[PDB]
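By written order: A, B, C, D and E. Residues from 1 in each chain.
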Amino acid sequence: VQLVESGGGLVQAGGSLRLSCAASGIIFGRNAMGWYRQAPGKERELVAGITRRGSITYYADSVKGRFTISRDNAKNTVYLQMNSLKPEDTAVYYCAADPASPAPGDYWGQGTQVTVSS
Amino acid sequence: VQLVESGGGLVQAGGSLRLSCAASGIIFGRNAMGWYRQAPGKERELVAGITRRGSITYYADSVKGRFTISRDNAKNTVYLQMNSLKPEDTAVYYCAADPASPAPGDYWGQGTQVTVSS
Amino acid sequence: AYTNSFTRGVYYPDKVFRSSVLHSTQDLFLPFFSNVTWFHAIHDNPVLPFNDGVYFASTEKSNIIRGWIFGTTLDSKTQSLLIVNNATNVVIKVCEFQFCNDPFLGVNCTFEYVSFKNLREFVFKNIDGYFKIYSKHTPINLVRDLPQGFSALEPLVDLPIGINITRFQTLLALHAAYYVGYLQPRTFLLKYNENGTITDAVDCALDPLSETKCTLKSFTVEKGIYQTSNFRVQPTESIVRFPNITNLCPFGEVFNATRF
Amino acid sequence: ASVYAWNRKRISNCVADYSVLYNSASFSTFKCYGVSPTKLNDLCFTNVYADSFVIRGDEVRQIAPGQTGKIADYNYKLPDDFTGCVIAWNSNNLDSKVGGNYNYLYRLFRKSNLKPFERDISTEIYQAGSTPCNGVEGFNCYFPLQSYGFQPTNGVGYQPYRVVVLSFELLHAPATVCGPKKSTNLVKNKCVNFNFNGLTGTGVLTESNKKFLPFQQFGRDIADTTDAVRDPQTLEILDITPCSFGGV
Amino acid sequence: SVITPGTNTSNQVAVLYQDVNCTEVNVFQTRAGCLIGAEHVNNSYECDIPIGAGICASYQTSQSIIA
């Protein structure tokens, strides 16, 4: 119902960038949450996710060595840390439950833009 | 739908304490309103009440000589004044209509705690 | 080894008094002339399946058989039932209990209750959480197999417990013959005498004569031809045919459209 | 209880006053199926069951016979022939919490739909994908239960509701639960308007020779008219003869 | 349909499957249908239990059903 994102911005490839988001309990209480991304030329994909219980994490293989996913159950927030960003990582990043519906009614936040230059 | 209480606090037996509350017109417009109380070891009871019309008051006999009930129809508030409080009067006090339902859906406010020491 | 169910396994299906009437009902009854399995706790008491109601009987002298267990895995995971006569009186309890697979007598929770010469005949079923126990106790002159003849069993116990029963075991005292059969969803014509006791019954699907007896609502059939049922050839397999289209249509596209 | 693991409590051996709930005007819904509200006080039931759980407001509409949806199919299914009352009310000031009440759970993932009135409290990881999960969360592997995370600032569709589903066993079997009625005395050989545990009719009560077995409560005719009863207070059997009538 | 002597004489019965082939169901194929359990004979009698299309059945001699 309510999803927000922040921590985006323009960086040069390399360095680091930390994304953050938050959700109302309706989504935050779901079995697992993570981050998704989109960019011109490519559809939406799940980058990384963390469960609600046990803080179990998993990553897409393509991002496994540079992305870290974490959550804070006291704050009702989720974070994604990128270490050494590449130009290919330019995308709008979104907060959502790990399972998600393709239906237009499955709510998404606006997303936050991450841009990585040469 | 909205009931609030205040004027509680810790006092030594004797002295005085004035409780106050307010309600939305939904409850304030009822035929009569008053104060109820609860405490560990004892269930909820009506202490005193005042009607909407004629400012007619009545008290439980057990409290008749130390409690005074009043209301203000311009302010949409109800008050209960205690003169010389006793240790037995330690309770959480609540604002509600004089008639009330035992059903869980009959709305009550949080109540305010009055504590009386030796 | 097996025995022949010679009209045994019939009981009063409801709590309504009927008399001097032939009444057609449907319930879980021991099919007439079914194969009942022999067991002996001599020299075992295997855990047996509970299909959809079970028929039991035992031959006795000294109350060597004193109880039973009904449940599933019997290792404290779900609700299961223990009934023991205790050679004193009856105690019944249902909980997530851990059982021995070899329980014996010598010579989280939902329910608790505290209360050859002959044969004990009884049945069990569990409908909508209610464990229903029916029985009779009669003398016998037979020393191995089960007696022939008909007399319906009466309800004794009817309890809303919610017990999950897929398996069971017979409890005996040790220092031993009993039978287990199964009930089926069959239609019966039950004959109630003037005192409302069921004295006879017709198993409506045993053979064509019994079928005729149920059709005519009678235990006596006159000479002639009766039309009792229809013969229908059954399908042996199903056939499903649709054009072999591998194309998908744009349903998502009318919901995920950029503009409406 | 959480809806995925709803509680059940049995009601028996009592006088059941249903006016206390019905006329409280404290419920968002009080929908009865098979019986009308206020008629309940004139009825007798064998057992009465009260199922209880917490769901969100938009889901109250799923607690119905013949209904479908995530709760109706994975958490709490009612049968098409359900007889009973679905009673529910808003608990936004009780169950909702600041920061979110994550104690209440519902099942989102299941292999198949539920049967009427069952429960499934398994925590087995749901095999959404093709690669076996083997008990561990991951891509296309999900913990089956979700929390509601109820907050006081949510709109109504997401506010918690407390639901009690009251199931009525209107069976021929002897009643254990009856409404708040008072009894009168028996007469014999007179025409009366009778009511025995909810069984009504007009007839002449006489002493019966139809000994009823210890578990039997009434006798019945060919036409389903009863013809004998076991009195609710005294263990004797009465016959019911229709009051005389004929053409004129 | 079930062809039977009265039950006060015998519990043996014969069964007629009306208007069907015996290949689809001591078997006699006739116009009435497939008659199973009655023994067809080359003798004659008057009629006891009629079946149809000129065929009757009866119970006789140690006794069995004949057609």
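In this section, a residue touches a chain if its C-beta (ideal position, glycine included) is under 8 Å from a C-beta of that chain, and two chains touch if they have at least 3 such contacts.
The busiest chain interface, judged by C-beta pairs in contact, is A-D.
Distance between chain centres (mean CA atoms), chain D to chain E: 56 Å. A separation of 38 Å divides the Cα centre of chain C from that of chain E.
Averaged C-alpha coordinates give centres for chain A and chain C that are 58 Å from one another. Here the CA centre of chain C is 28 Å from the CA centre of chain D.
Pairs of chains in mutual contact: A-C, A-D, B-D, C-D, C-E. The part of chain C that touches chain E in the complex is made up of residues 207-209, 211-212, 220-228, 231, 233. Across the complex, chain D meets chain A through its residues 99-102, 108-109, 128, 136-139, 142-151, 154-155, 158.
Residue ranges of chain C in contact with chain A, taken from their complex: 252, 255-256. Interface residues of chain D, counted against chain C in their complex, comprise 10, 47, 172-174, 210-220, 228. In the complex of the two chains, the chain C residues touching chain D come out as 12, 14-19, 154-155, 158, 160, 195-196.
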